[PDB]
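Coordinates in review
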Amino acid sequence: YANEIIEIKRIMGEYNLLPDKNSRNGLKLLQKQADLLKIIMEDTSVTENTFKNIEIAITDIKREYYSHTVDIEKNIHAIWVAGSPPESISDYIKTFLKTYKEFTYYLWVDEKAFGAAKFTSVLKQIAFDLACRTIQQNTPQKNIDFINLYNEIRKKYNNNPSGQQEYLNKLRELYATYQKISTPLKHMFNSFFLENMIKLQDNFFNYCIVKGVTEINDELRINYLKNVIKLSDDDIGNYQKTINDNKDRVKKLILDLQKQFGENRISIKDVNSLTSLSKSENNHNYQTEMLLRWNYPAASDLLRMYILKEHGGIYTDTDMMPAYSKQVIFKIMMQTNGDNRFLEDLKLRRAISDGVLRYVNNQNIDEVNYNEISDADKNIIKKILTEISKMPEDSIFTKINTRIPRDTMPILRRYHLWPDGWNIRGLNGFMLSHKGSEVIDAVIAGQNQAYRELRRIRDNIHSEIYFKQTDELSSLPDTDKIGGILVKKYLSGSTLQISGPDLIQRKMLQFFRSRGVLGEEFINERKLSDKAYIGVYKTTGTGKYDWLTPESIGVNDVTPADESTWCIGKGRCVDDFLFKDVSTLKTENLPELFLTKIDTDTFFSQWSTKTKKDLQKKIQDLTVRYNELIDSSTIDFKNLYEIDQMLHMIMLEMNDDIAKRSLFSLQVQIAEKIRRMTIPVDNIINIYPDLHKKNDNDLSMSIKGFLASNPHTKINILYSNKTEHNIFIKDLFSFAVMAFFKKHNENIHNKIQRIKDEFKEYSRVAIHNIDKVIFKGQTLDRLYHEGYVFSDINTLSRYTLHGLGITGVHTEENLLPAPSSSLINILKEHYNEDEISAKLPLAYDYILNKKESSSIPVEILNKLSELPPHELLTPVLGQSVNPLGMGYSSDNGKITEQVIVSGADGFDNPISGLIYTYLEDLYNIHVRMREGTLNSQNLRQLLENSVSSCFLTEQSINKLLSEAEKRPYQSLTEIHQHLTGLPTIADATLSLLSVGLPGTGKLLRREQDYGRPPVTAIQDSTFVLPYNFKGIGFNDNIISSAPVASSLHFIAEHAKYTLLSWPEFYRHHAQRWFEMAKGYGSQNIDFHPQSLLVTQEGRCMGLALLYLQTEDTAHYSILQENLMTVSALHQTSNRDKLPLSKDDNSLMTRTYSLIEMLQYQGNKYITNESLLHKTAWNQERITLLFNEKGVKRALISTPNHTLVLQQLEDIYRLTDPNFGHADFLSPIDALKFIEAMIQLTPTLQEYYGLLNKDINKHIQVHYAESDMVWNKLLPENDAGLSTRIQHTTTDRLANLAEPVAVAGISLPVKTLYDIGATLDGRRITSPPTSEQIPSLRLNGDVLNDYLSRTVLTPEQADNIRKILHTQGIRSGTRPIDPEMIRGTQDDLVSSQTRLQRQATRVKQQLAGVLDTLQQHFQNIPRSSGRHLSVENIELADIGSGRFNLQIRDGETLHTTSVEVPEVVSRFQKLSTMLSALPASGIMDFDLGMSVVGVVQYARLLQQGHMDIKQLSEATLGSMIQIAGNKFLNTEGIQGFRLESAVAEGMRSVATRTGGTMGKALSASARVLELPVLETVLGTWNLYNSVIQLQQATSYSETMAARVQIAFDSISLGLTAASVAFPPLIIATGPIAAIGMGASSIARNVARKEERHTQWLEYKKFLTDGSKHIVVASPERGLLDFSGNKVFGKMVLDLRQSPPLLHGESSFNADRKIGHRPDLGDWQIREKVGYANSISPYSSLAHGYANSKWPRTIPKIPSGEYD
């Protein structure tokens, strides 16, 4: 305890040397003394004598503390409420003036707010009308009678202006009617009313900003009302009449009082003469209180705090009398023979007080209100009054104690005898304090926070309308209850309180708790003690309290004019209401509520002629760009900057006011859009600890909490070794001026190593040294070299490390994930809201660690242990920030830098570049200041060409120079503070942004003074501070508004599909999906399968929500095209491992971040029953929802997948993200198709998690009560995914019409990009300049992919070879043999295309086969080493593809069970085709090509000649050989080779069906017969030697590359060398095969077989004819229609840029009904009647009489065709 002992000695020494101990410093020193004494007490080894000594010292300190008291000022303050009749005021004022002789009475009057009641009434009318309109137009399933009656009575008034009371009475009856409305409608009414009122207040404050006002008065309010509505002269006359009435009333009252009591005894004080009214921290909450209040006859709750803080003394309510003197109460009790009933019940007390007040003011005693009082009580009260009147006037009342402890506000305590018992609570109607009291500041801060939290319903864009919180008297201002109270007050005209006595008591309790040991006497059982009040009464050992000799003297509050009499006795005033018709609302002047596009026809309607002719043309140049910016689902900051700058210039260049207001409205719309469009946050947290504390338990707890909150969150622990060395050196220099080195290095390394090895098993925890990622020339590295030690080095390190691409959350504190709503609910079963915060550390300790605390019940611990940790903590995932890219924590409404939240990777980050440049500028100023070479001129040069020059004012330059002279060495934060005058860099971010965003940035800065949140402040906080567990958000409470947990779909450790084998799932089911959809009545089926997500973790929730967002067909098409583009990009990046251009990578990252965020949000919403309704699968119920309840969107949830049902226009579209979509005419058809699809197919059923399960209880439908819930839940910033078509680099480069000269040959830029032209290590995105051509390099992987995907012409191949030879492969990528680059003629392009397609299909199939084999081998217990050595490839079943394998693992393990029909079925088809083809001439070119490629791959494997992966691949090759041997070797010849038999079969096929197809077959067979080409063998060996070993990819990609090499070897045989200068013109067309027509099939159909088999043959012919209608090769400008057989009357129009294809498809026909494409399978069945209506769908003839070949007319890709 040496350090703390030194602390107590030092603090006592400081206290003794105090000239005036009666001050705040002395109290703080005594508090420190008491706290340190308690710390000493806390030690375990303390003797009893030490206990006594500590207790005695503490008691002496407390006695010294409470001896510091202050005498309050001799001021009595009262607030005059507008409309108060002076008759009921002057009596109480006279009584208080008489009792308190040495006091001055001040009546606080606000002359500028005499008419505010009518203004707020008009605003309330507008808000309620808007709420009613929104409710009515949003719910079209039914009409609401309450709204109709409301509108009817308002229309009735619109005829009768004189009958105000009639309208109020009708409104009361209408509230009686309204009480019967449904609960969801009531909640929506409350929310909409409160939100609209807040928005209207925001609009008024924006009007104040644009008018540049400094004070708010009645004229400004009248002008604003004229601005928003049509104000006739009668309304202005009424407003002036009430203003003048209030003026006359207050003047008469004050004059009559001054005549009697003098001039200096009582006076009038102006409310506007208060500094708190204009304070920026108060956010003009005084003006907001005028609107959001429901206790109108009472005085303001903030005004009394302001008055007490700035003046001190006594604040008293008007309706209060001083407490009776001792003699008075003694007479009362002994004229009632000891009946206490005359001092406790309210009626008799009120009568006695009435009589006393009447007597003191020389009035008639007999006129006392004796109603609801028994006659005997009346007579005894009369006797009491007669006795009292005998007393002298100087002994009726007694004064109060004006000596109070320093920094305290005594609060009147009230005793009321209720039928249930005694009601005791504090009142803010009478308070005491001295000027400058600290508790008043605490209460003011609490009131400001209360208003901040009340505005959360409007400020939070993602705020949920439907949330029925239980009544718990929470500190949070529950918006639903407040809205309900406001609605009731608005309708009826007559608990909760944001800034009332409850908040005051809570704030004082918190203040006294923060005082420490000296405040323990003010706290009684975590509640304010009796010492904090006045008027407290001690009980005489009974239920009643001894009124005689009160502990403190209070005040008489039971009076004839108190709260309980003006509800009915005083009728509702008529000068606090002004009827107004809202139909004349000027919606163009209300940007907060209505989003209005600029319409050139009506925009300049009220403008002057001069301003119109000056600037209407200039404005009209903005309309298209401005509307595009407003309607966009993304933000392009270039357009925003341009539009904002030119709007600001136009506003500056104007002299009109209406035009200025319209342009200001445009700016306000821009600001609101910026507020609404938040962007996601990366699931990363970066913690910057200080390696100087001696507890890592906080850091370990933080890391454990973030690990447990989510299984995908990455945690980075960042430290700087150079900074530690610099701190060590500075400490050494300080020690010397006033073995260590190795010891310090060892200690730092030991701390770092302990942190590293605590989380060694978690790969998500990475401990990084900052002096490894920063560059050499960056500012941070220079600071490290200079020995920068200032405390802000960690903040600059955070900014720099974010600037280097490290995204996520950057903080220095040991943050913890915020508790979820489930944990708070669990804790709420035993604790209330003020104990939960204290119990949270123990709950966290039990959840993360396993520590059990004796201070928490075991039931709570058992409940906590039953839930997963990620259900109790909130992860970083799902968070969002402002589109400016930077977000900051807040503290009492001021942004701090404890937490920095920095956007998502791939999104625009405007603030980051500004911060980087600003840090450069600060470093330059710092280095000039170090050497003393800084003057005004050098400073101007330093800040020139920098946005930071906006801070260069004369006074700022002078301050910078003065500080440079005073102290040449200062921190960058100090330099920034001197230059800007702002506390933190986060404050300077908006000032820097306002340089490029004038007007909008200025407006966003200005709105902070009016309660609006800072644009860079985060509102919802998913973190809490470790030491007190409070949130870091702006307007959030982590206890009363904890977020809901998100459902995490746990997936198997093995996935059925990888990215390579994923398309197999779509290929196996696309045909069945289309057939079922068409047979259930779908008329438009589109296929857009997704390849973004190959695992079912998340259940495709992100894509489902993305599709759910769209409400239009056009937006749906845009989003579908964008998603297809992103899927292609993801396949290129991840499956093929190819580099992407910067823009493509940014687009992919943006899409993936949005998808992850949306998936988290959707899995959160589906489990929250208060947000989205959830019902089990029932077709009737869903049909009723979509037809009767007005549901337009729904989510169909299976255990593993999510589907979407929509109501786009007049159709119902069902979207399966893996299969595109199909739309129907009625919901019932869609539901039937959903059920049939998910239930009939076994593989799809198993994949979707519905195998062997009742689908009626495992399919849930999630919908919303109203449609606006989706608008509230789904983000508005879509990154343009649903509003504009995103273009890849290829699409942009295709538009350039100029060629690039490389190697003496000119080729387009798109082709140069396609072959992988990389410039300085990045793929080119623009045409390189002539000097950059020599530096161009070709990416080998990209070139290989391009060659495998493209069919070149011989000249194109020559050009590619020349470019390759003259430029070369970029180092580290795949080398390309120039002999492999060849081209083919026109007639063989279709064959090459089909061969490449077959290569892709075979690769995708063999990937899954290999994965199955690998899993099969992995389920075998293998000992140390790799002895699997499978030694048999016997196959048992042919129809199923069963193989029996002998395993020579050495322990006699044997598992002969594998299912591989992919290999066997292909050879079976080849064999049956080879054998039966002489009779049936129909052949399959693709099947033959696939077989040739497969056998070539097997041969190349065999020439190869030992872990699980390669053993499984060799097993697959052996199985291929075995299947070929079984299905092609009819006789068991030992000397049989598969290649020769395959080649001979295809040679026979080729020679028997001629044409170009036979030529291609013969070429492939010839390739098979000859030995493997030397180039092919070289490529294979080089790959298997270096390329496979160097890369870290898995084995499936290697096997796919080997298959691709084999298929390329096959493709090489179809190429032809280029011929130069052909002497003669030759023929270049394909040659037809023998038997093109349908007579060939009819030749074998005539054989007497089953008729349905003959139809199957005909259908096979039709399908083959329609499969290849067109083969397009836009790269070589070739269109191929040779494969068209069943598309008649073809018309090709090449005039359009994408060629237009028209024609007639072949169709089915029926004898009776003909061809009916418009009917489904069931409708056709009913039409022709070939079965029963209850027959299963499998028993019908699918596609009968409604089929077409092809299904849809093929679309030709855009290109240049010749």
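Up top is the structure.
Now for a quick tour of the structure. (Residues numbered from 1 in each chain as written, not as in the entry; some residues may be left out. Part of a larger assembly, values for the part shown. Heavy atoms only, no water.)

1. Looking at the overall build of the protein chain
Keep this limit in mind: In DSSP terms, a helix is any run of H or I states spanning at least four residues, a strand is any run of E spanning at least two, and both are numbered starting from the N terminus. A simple rule labels every residue: compare its accessible area, found with a 1.4 Å probe on the protein chains alone, to the largest value its type can have, and call it buried under 20%, exposed over 50%, or partly exposed in between. Only the protein chains shown count as covering a residue, and every accessible area follows the Shrake-Rupley method with a 1.4 Å probe. Charged residues are defined narrowly, with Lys and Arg counted positive, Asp and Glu counted negative, and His plus the chain ends left uncounted. Charged groups are reduced to one reference atom each: NZ for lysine, CZ for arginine, CG for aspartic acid, CD for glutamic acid.
Helix and strand counts for the protein chain come out as 63 helices and 43 strands. The principal-axis extents of the C-alpha atoms in the protein chain amount to approximately 140 × 95 × 80 Å. Here the protein chain, with 1762 residues, has 54% of them falling under the buried criterion. Surface accessibility of the protein chain: about 78800 Å² in total, with carbon and sulfur atoms responsible for 51%. Each charge sign in the protein chain was given a centre, from 199 positive and 208 negative side chains, and these centres are 1 Å apart.

2. A look at the sheet that holds strand β3 (residues 104–109)
Strand pairing within a sheet occurs via backbone hydrogen bonds; the two strands may be parallel or antiparallel. To keep things clear, this is the line we draw: Here, any two strands with at least 2 DSSP bridges between them count as paired.
With mixed pairing, the seven strands of this open sheet are ordered in space as β4-β3-β2-β5-β9-β8-β10. What marks the edges here is a single partner per strand, and that holds for β4 (266–270) and β10 (533–534). As judged from the five bridges shared by β3 and β4, these two strands associate in the parallel manner. Across the sheet, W108 pairs through a bridge with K269, a residue of β4.

3. Regarding the pattern of salt bridges
This is how the line gets drawn: When a carboxyl oxygen of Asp or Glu is within 4 Å of a side-chain nitrogen of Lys or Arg, the pair counts as a salt bridge.
In the structure shown here, the tally under the stated rule is 75 salt bridges. For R940, the salt bridge goes to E954, with nearest N and O atoms at 3.7 Å. Note that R940 is positioned in helix α35 (residues 936–943) and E954 in helix α36 (residues 954–966), a separation of 14 residues in sequence. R1716 is paired through a salt bridge with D1718; the nearest N and O atoms lie 2.4 Å apart. A relative accessible area of 26% means that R1716 is categorised as partly exposed. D1718 sits in the partly exposed class, given a relative accessible area of 39%. Residues participating in the shared-partner salt-bridge network are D202, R455, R458, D459, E672 and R1012.

4. As for the packing of helix α6 (residues 145–157) against helix α7 (residues 164–178)
This is how it is decided: For every element, the axis is a line fit to its C-alpha atoms; helices are fit only across the contacting stretch, and the angle between N-to-C directions ranges from 0 to 180 degrees. Any angle that falls under 35 degrees is termed roughly parallel, while one over 145 is termed roughly antiparallel, one within 65 to 115 roughly perpendicular, and all others oblique. Whether two residues are in contact is decided by their heavy atoms, any of which lying within 4.5 Å being enough. Under the convention adopted here, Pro, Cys and the residues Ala, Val, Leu, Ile, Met, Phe, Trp and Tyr are nonpolar, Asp, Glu, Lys and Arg are charged, and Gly plus all remaining residues are polar.
Direction vectors running N to C along α6 and α7 enclose 175°, while the axes themselves pass 10 Å from each other. In this view, α6 runs roughly antiparallel relative to α7, as classed from their interaxial angle. Residues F146, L149, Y150, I153, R154, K156 and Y157 of α6 lie in contact with α7, whose contacting residues are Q164, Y167, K170, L171, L174, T177 and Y178. Split by residue class, the contact of α6 with α7 holds nine nonpolar, two polar and three charged.

5. Quick word on a negative patch on the surface
Defined as follows: Every patch collects residues that have over 30% relative accessible area and no salt bridge, joining them within 9 Å if they carry like charges and within 5 Å if they are nonpolar side chains (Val, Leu, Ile, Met, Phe, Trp, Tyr).
On the surface, a cluster of negative charge is made up of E628, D631, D636 and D908. You can call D908 partly exposed: its relative accessible area is 46%.

6. What about the packing of aromatic side chains?
Worth spelling out the cut-off: Each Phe, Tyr or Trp ring (for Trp, its six-membered ring) is paired with any other whose centre lies within 6.5 Å, and the angle between the two planes then decides the class: stacked below 30 degrees, edge-to-face above 60, tilted in between. We call a charge positioned above a ring when the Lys NZ or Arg CZ atom is no farther than 6 Å from the ring centre and deviates by at most 35 degrees from the ring normal.
Evaluation of the coordinates by the stated rule reveals 66 aromatic pairs. Look at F128 and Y490: their rings are 4.8 Å apart centre to centre, the planes differ by 40°, and that puts the pair in the tilted class. Of this pair, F128 sits in helix α5 (residues 116–138) while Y490 sits in helix α20 (residues 479–492); the two residues are 362 residues apart in sequence, bridging distant segments of the chain. Each member of the pair, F128 as well as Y490, carries the same accessibility label: buried. A centroid spacing of 5.3 Å and a plane angle of 15° characterise the contact between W1062 and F1065, whose relative ring orientation is stacked. Remark: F1065 and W1062 occur in helix α40 (residues 1062–1079); sequence separation between them is three residues, near one turn of the helix. Just as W1062 is buried, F1065 falls in that class too. Directly above the ring of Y533 sits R413, whose terminal nitrogen or CZ lies 4.2 Å from the centroid.

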